[PDB]
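Trainee: Dumping the structure here so I can ask a few things about it.
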Amino acid sequence: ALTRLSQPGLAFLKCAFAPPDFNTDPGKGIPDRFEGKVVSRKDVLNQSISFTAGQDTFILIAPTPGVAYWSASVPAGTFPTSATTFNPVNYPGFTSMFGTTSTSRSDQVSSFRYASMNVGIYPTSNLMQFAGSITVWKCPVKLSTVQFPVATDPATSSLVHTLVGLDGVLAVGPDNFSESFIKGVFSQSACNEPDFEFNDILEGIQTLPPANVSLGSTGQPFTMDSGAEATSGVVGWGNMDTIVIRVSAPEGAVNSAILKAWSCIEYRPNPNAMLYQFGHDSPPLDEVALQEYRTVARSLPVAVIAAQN
Amino acid sequence: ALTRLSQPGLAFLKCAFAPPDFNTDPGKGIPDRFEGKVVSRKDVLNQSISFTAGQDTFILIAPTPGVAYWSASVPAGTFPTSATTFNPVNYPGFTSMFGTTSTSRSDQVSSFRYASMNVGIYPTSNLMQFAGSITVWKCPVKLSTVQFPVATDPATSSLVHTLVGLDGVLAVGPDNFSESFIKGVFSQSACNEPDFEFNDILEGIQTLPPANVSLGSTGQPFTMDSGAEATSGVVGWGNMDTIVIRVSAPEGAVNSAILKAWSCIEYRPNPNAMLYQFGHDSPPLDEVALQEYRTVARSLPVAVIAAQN
Amino acid sequence: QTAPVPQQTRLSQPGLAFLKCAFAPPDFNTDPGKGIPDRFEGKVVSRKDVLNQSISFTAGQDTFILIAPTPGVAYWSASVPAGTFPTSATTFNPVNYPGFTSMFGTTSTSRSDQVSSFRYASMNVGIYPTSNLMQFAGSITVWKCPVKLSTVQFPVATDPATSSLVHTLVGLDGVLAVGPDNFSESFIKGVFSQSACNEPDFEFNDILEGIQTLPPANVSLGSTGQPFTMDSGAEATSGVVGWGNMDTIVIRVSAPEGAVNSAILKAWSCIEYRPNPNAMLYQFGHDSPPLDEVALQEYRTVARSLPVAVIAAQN
Amino acid sequence: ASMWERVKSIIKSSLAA
Amino acid sequence: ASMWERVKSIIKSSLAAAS
Amino acid sequence: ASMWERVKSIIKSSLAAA
RNA sequence: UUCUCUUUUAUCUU
Ligand SMILES: [Ca+2]
Ligand SMILES: [Ca+2]
Ligand SMILES: [Ca+2]
Ligand SMILES: [Ca+2]
Ligand SMILES: [Cl-]
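Chains as they are written, first to last, in PDB author numbering: chain B, 55 to 363; chain C, 55 to 363; chain A, 21 to 28, 57 to 363; chain E, 364 to 380; chain F, 364 to 382; chain D, 364 to 381.
Written out as structure tokens, the structure reads:
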């Protein structure tokens, strides 16, 4: 029941499925086999945002450390195209975690693994201005690679990072949440792996496709741009499905809302980092919690109305 | 006794060790911790094959999605050399899932994980003409990478996919099944990992070593050529050992047979794929099945004759 | 007036052996280990790597040793002026375990000829002081780093313009400072420490081809982010065949001026490899032992319980 | 109309069988 | 000895052997 | 002082929490 | 959220 779970186990399940519901981050680690030195960090972003009328704005919540989400607006009734590029919206203090250069990401921490990844939209529009819809579904986006030959001198074969299953963003999958904008929405993501394995921090990634690579040779349907290495960047790709969100704004509609995003992440601190002094041991295994997690996750709906979160 | 297994847990075990013993749908998924949406693919090939006399034909079943096996013949009594290239034969509907270009593999699905991988050979030749033997062993082939520098301008370092452990094909493994050709054979492979991890789909791979890469720069002992990107290709590599088969047809021998291939694979479907329509939550943990799986596998022989199957 | 949208017990033999090879190999007449009692039970070959190195430390130097999850290589060393840490100007050279070449050939592209993959079960190390009490001087300091082998993506202005991607080690920056969680004590008292799986499970890592230096050939250390360099040397004597999921042990021996610091260093490593049928190793193969829940949790608990390291008088 | 409670329900509902 | 029967024997022989 | 006894003490000290 | 009823598949056992 609720008594078979160890403190860490209960806490884990909370930071993973219902974070607004608490005055404090319950999370204290992942109750799995691993008990090494880690650092629990619950990233919380709060952002007053107003949507562009006559434009459908797409938001991805995806397991990129430091970055809450990625957005981009396109013409109403359309999906992202090769001409589209998503830009990040960092969680507080990105730079303080992964530096300001594309090659100083692993300065503080070496690897990581996500526990939870939630998101919520809270309409703040009055009943005389709001209009539109909020559609939500999830994509199994994984970070892979693409091999192709290059006619250089001498001729060589390149290999770079590619996002696989990105194409799923160009269609609203049969499993989805779709409701009037005003009703807002809440949705969370979970580990898309049979176990919580660590993922290494990635150095030098600012764009995908990367510099000197055509979108065509990567297969990816659109482009990812984190911008100036001094402000943002891609530090890694977690094992969580990516939450896709389509917000349709009619022409002449005033859609304002607040956006929140949670992320319980466990990092492997570097002995040199000023982080280290905050670390502790990963929570010990909790069979019960790990089973509840799997079950609860698969049981919960794609998303729910913003009214309840 | 076998009532301690969940419905899927049993189903799973059938697709794993004896899929020819059942008419259809041998599995509903992997009863492991993971319970996210997946698609159960029961890959089956029925290929009539005639073996050239005086040639020692080599066949690999190894876990390339969509492609059943790879073969090539070599002068009787000899093994593959640097001069050898293997060509894929594919399970029905390869293109119907991975497209027709090396950069459209991740269009339908994003990742995968093999559950089973079986193969059988049934002799179709008469008892007066046949001759020869069927030798079998399994190799721990993994897909890694090779790093080497290239004298371009500016001078740079390359990195590409390379197969490690192919060297095991150039000799008959000590642990092997060997018997008269006419007696046929049946054998299957299993997960070479302590768990069922998901692997990403790989884009742009058509040849190994790649185009513009010199063999043995790789340190691979021979070459893998899937051919035209519009017909076949290498979309991934599962955590299964590869099955090696050597059918040595002596001079003037009339050896023909029917080959069958089984492959239970769980893929992660993209919402934009119609394929997604047949998704279902992976089977929840069935500790018993997962324990039996391991035990049964270690218990069974490398291979057995046709009739024993 | 808005219509809702219609939605649709005791340890086993190999399990106890596993716990011994893992935490106390100098205390046994023989390699206790016989495999990893984890889920996996496929064909493997258990190898107990042991190196004994007699060594003298440069006075006025702070010699840095690294026990990393690099198959075949015991450790990596390099020394810097006392009171300082490795700089971009530093380069570590490996010391091979006995028979490195007999296992991974003599070509940077021959590493995967005997084995295809592997997984570390344990990684211990000990230092014994042979110095007379009066002559010696200084200290030994130890901490462990979560060094993982990643990759770096950067563009290159070639013709035509291209993007490169090569290996790069992350987590090294942790060596340029003494981790708060450390063991510090007089050199003479020696030391003993061991590492453990930095993963929730023992998955297999592949063997890597062509790696000899990091940053690799034709790559500036600035491109990789790494704080210093790793040079394995002649592809015919050493090299980097892979990187296991084990935290890397860091050891700083501080030899002040006029200090006579001599000692012996042992390195214990037990590894499970996947033998290639063609290899001459295959004949010593045996299946990974069956899962043993007890051991797989005792391991985790013991590991977290044991201190960073202890003096050599108690190895 | 709470979230945590829908989670506490799916936990005590599957722990009853 | 079919393959499914060689399998159901090792399982039931494993469920009774562990007891 | 021994190392195997330090492990045997931790195994029995946690196998005691039952 | 609650039982009956026929369903109607689907294995496990003789
Ligand atoms: Ca694509
Ligand atoms: Ca080789
Ligand atoms: Ca794993
Ligand atoms: Ca750095
Ligand atoms: Cl704000």
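Ideal Cβ placement from N, Cα and C applies to all residues, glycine included.
Quick one: grab the DSSP three-state call for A351 of chain A.
Mentor: Three-state DSSP puts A351 of chain A in a helix.
Trainee: Assign residue 11 of chain B to buried or exposed, taking buried as 16 or more other Cβ atoms, counted over all protein chains shown, within 10 Å of its Cβ.
Mentor: Residue 11 of chain B is absent from the structure shown; chain B starts at 55 and stops at 363.
Trainee: If you measure beta-carbon to beta-carbon, which residues of the region 233 to 248 of chain B are closer than 9 Å to chain C?
Mentor: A244, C245, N246, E247 and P248
Trainee: Determine the contact status of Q101 of chain C and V128 of chain C, defining contact as a CB-CB distance below 8 Å.
Mentor: no
Trainee: Can you give me, in chain order, the residues of the region 322 to 338 of chain A that have a beta carbon less than 9 Å from any beta carbon in chain C?
Mentor: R322, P323, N324, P325, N326, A327, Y330, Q331, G333, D335, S336 and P338
Trainee: Out of curiosity, what's the CA-to-CA distance linking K314 of chain B and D97 of chain C?
Mentor: 44 Å
Trainee: Quick test of the definition: if touching needs 3 or more C-beta pairs under 8 Å, does the region 265 to 282 of chain B touch the region 56 to 74 of chain C?
Mentor: no
Trainee: In whole angstroms, what separates the C-alpha of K91 of chain A from that of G120 of chain C?
Mentor: 27 Å
Trainee: Given a limit of 7 Å on CB to CB distance, which residues of the region 200 to 225 of chain C reach chain A?
Mentor: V200, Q201, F202, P203, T206, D207, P208, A209, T210, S211, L213, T216, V218, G219, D221, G222, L224 and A225
Trainee: Buried or exposed: where does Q61 of chain B fall if 16 or more other Cβ atoms within 10 Å of its Cβ makes it buried?
Mentor: exposed
Trainee: Relative to ligand 4, is the shortest distance from any of its heavy atoms to the C-beta of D221 of chain A smaller than 7 Å?
Mentor: Indeed, a heavy atom of ligand 4 lies less than 7 Å from the Cβ.
Trainee: Mind pulling the beta strand (DSSP E) runs of 3 or more residues that sit fully within the region 281 to 321 of chain B?
Mentor: 296 to 303
Trainee: Could you pull the start and end residues of the beta strand (DSSP E) that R95 of chain C belongs to?
Mentor: DSSP places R95 of chain C inside the beta strand (DSSP E), whose first and last residues are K91 to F105.
Trainee: Round the Cβ separation of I103 of chain C and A311 of chain C to the nearest angstrom and send it over; I've been treating them as touching at under 8 Å.
Mentor: In this structure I103 of chain C touches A311 of chain C by the C-beta definition: roughly 6 Å separates them, less than 8 Å.
Trainee: Starting from the Cα of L220 of chain B, find the closest Cα among C:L197, C:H215, C:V163 and C:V204 and give me that residue.
Mentor: C:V163
Trainee: So the candidates are A:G258, A:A327, A:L344 and A:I299; which of them puts its Cα closest to the Cα of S187 of chain A?
Mentor: A:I299
Trainee: If the criterion is Cβ atoms closer than 8 Å, does the pair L114 of chain C and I297 of chain C meet it?
Mentor: yes
Trainee: Please confirm if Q345 of chain A has its CB atom under 8 Å from at least one CB of chain B.
Mentor: yes
Trainee: Chain A partners of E251 of chain B, CB-CB under 7 Å?
Mentor: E247 and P248
Trainee: Could you pull out every residue in the same chain whose Cβ sits closer than 6 Å to the Cβ of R348 of chain A, ignoring the five residues on either side in sequence?
Mentor: none
Trainee: Quick one, are the C-beta atoms of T216 of chain B and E257 of chain C less than 8 Å apart?
Mentor: yes
Trainee: State yes or no: is the C-beta of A360 of chain A within less than 8 Å of the C-beta of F235 of chain A?
Mentor: no
Trainee: Quick one: what's got a C-beta closer than 8 Å to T199 of chain A's C-beta in the same chain, skipping five residues either side?
Mentor: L213, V214, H215 and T216
Trainee: Let me confirm a value: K375 of chain F is counted as buried when at least 16 other C-beta atoms fall within 10 Å, else exposed. Which label applies?
Mentor: With fewer than 16 Cβ atoms within 10 Å of its Cβ, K375 of chain F is classed as exposed.
Trainee: Report yes or no: is there a C-beta of chain A within less than 8 Å of the C-beta of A380 of chain D?
Mentor: no
Trainee: Out of B:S94, B:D295 and B:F88, point me to the one whose CA is closest to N172 of chain B's CA.
Mentor: B:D295
Trainee: Here's the rule: buried if 16 or more other CB atoms are within 10 angstroms of the residue's CB, otherwise exposed. What is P263 of chain B?
Mentor: When all chains shown are included, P263 of chain B counts as buried.
Trainee: Counting only Cβ pairs nearer than 7 Å, list the residues of chain C close to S170 of chain B.
Mentor: Chain C residues near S170 of chain B: none, gap ~15 Å exceeds 7 Å.
Trainee: Is there contact here, the region 281 to 295 of chain A with the region 221 to 228 of chain A, by at least three beta-carbon pairs under 8 Å?
Mentor: no
Trainee: Per DSSP, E233 of chain C is paired with what?
Mentor: C:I188
Trainee: What in chain E is Cβ-close to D229 of chain B, meaning under 7 Å?
Mentor: The premise fails here: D229 of chain B is roughly 18 Å from chain E at the closest Cβ pair, so nothing lies under 7 Å.
Trainee: Does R87 of chain C get closer than 8 Å to chain B when you measure Cβ to Cβ?
Mentor: yes
Trainee: Identify every residue that forms a DSSP beta bridge with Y123 of chain A.
Mentor: A:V143
Trainee: Since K196 of chain B is in the beta strand (DSSP E), which residue starts that stretch and which ends it?
Mentor: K196 to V204
Trainee: With a 10 Å radius around its C-beta and 16 neighbouring C-beta atoms as the bar for buried, classify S365 of chain E as buried or exposed.
Mentor: Per the 10 Å Cβ criterion, exposed.
Trainee: Quick one: measure Cβ to Cβ for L224 of chain A and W291 of chain A, integer angstroms, because I've assumed they're closer than 8 Å.
Mentor: Not confirmed; about 20 Å, so no contact.
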